[PDB]
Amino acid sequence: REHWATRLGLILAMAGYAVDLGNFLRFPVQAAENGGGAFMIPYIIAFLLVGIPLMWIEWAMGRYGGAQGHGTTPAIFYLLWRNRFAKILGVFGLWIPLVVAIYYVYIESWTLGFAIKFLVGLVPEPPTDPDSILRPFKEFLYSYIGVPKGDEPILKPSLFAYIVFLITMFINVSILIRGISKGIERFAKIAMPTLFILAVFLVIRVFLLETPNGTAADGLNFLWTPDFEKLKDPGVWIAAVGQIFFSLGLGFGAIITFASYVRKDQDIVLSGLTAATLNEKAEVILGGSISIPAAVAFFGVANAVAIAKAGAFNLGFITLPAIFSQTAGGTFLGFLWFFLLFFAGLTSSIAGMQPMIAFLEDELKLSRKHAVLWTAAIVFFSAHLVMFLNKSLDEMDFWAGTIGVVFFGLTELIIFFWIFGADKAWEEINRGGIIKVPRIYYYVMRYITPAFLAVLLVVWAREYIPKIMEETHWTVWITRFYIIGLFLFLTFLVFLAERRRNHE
């Protein structure tokens, strides 16, 4: 079995998976909407009671599986719980990263496309008033993606967007096809320092932003002034749990698969805690210092509430590109911003497609070359639904990348800490640990952690599912039909794997 060559490479790869566009866009928006500086209270608590324990558990499950030659959840769940229902539950944890990759790589390709367009100077050049500056960039983005102009739910991406997606897939493949150590690990050792350098440069350039509407210091102020009254709203506590859960990338299956290449007695406690900490640092220090302060510096603290409510996507793909074009060398600054977003996405997507590759290698005995190429073919083909059908991305992101991950995260907890055995799980976590998990976390993992995920799951289900099922366009059923088909497809591959094993 492949293994990580160095501890540093392992940590940077895991951190690279966790650190993405969300660090620079989703977190600042969430904090600004949920109490500002006060949001750090439930955020730290959720990090300690949910993020950290679940992360150690996913690492533990992966390393446990890898020692027996299995990197994905269909086999791993069965090893933990030898039951037919376990193999079926395990399919979910292979279905999720497969479905997520189908839309994620496309989103990632947008950042490469925009980086190129900013670099060469092919961007709108306004003109005054905020709507006169934002609109040309809204149209710029809409034309690239092919946002519907009529009543039809059809997307028409530009030729450039489509070619860049091809290039983006090729880049993912070029890394993945070289494997864990010479591919993913080697890239992580370059991309992470680069990501750090770009971020620091952006923080510095943002802090120097001075407009008649305000400064960056006003942005840091608006973002980091505590509003303790919001701590009464349960939604703020729910948002913090969700923020921690998603930013760490728990429940997606990538962590488990990456951990499956950690040697049997190699540390995961300190390594996992370090990777998690790197994500948080990149999130609150780097992410919190770029996007929001820039938006507030340019549009004033008066529009600060409106900006955060506009969302992470609008902030990163419309508002920020617009602001840069109004500054000296902002064309190059926009390039750096999207270059940053591209590497942040690329480090995550190579981690996100590895589970499918691992399944083909471990369970169907495909060579790395064949496993990578077939995984790429499936993702590339399937992405055409995301590229051409309006809201297909949103539907995939909800079922797999939102509801699915929280459900699967809870399933992981139960199967590992309740079914497999709490004592065994604990020993599987701490074995080879450079530091030991504090004894108190045994109770947290067994009772507190699954309680938080259960509350998150139920609240989001009751809040979002009825709307999703009753207020959406009929075309969402195309996406539902297809991804249900993908689940049936993986179930069939698992069937073929076990029938091959019985033969050999």
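A residue's number is simply how far along the shown sequence it sits, counting from 1.
In this entry, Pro127 and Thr128 are separated by 1 to 3 residues of the deposited sequence that lack coordinates. Annotation for 221 to 229 versus 104 to 112: the higher mean temperature factor (C-alpha) is found in 221 to 229. Between 182 to 190 and 209 to 217, it is 209 to 217 that carries the larger average Cα temperature factor according to the deposited entry.
When the Cα B-factors of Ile96, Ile171, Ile285, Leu250 are read from the PDB record, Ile285 comes out highest. Taking the PDB entry at face value, the top CA B factor among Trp237, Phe339, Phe160, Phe388 belongs to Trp237.
In the deposited entry, the Cα temperature factor of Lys117 sits in the middle third of values across the chain's modelled residues. Residue-level temperature factors show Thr479 in the lowest third of its chain, judged at the C-alpha atom.
In the PDB entry, a CA B factor belonging to the highest third of its chain's modelled residues is recorded for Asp151.
Among the modelled residues of its chain, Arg135 has a C-alpha B-factor that falls in the highest third according to the deposited record. Among the modelled residues of its chain, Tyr64 has a C-alpha B-factor that falls in the middle third according to the deposited record.
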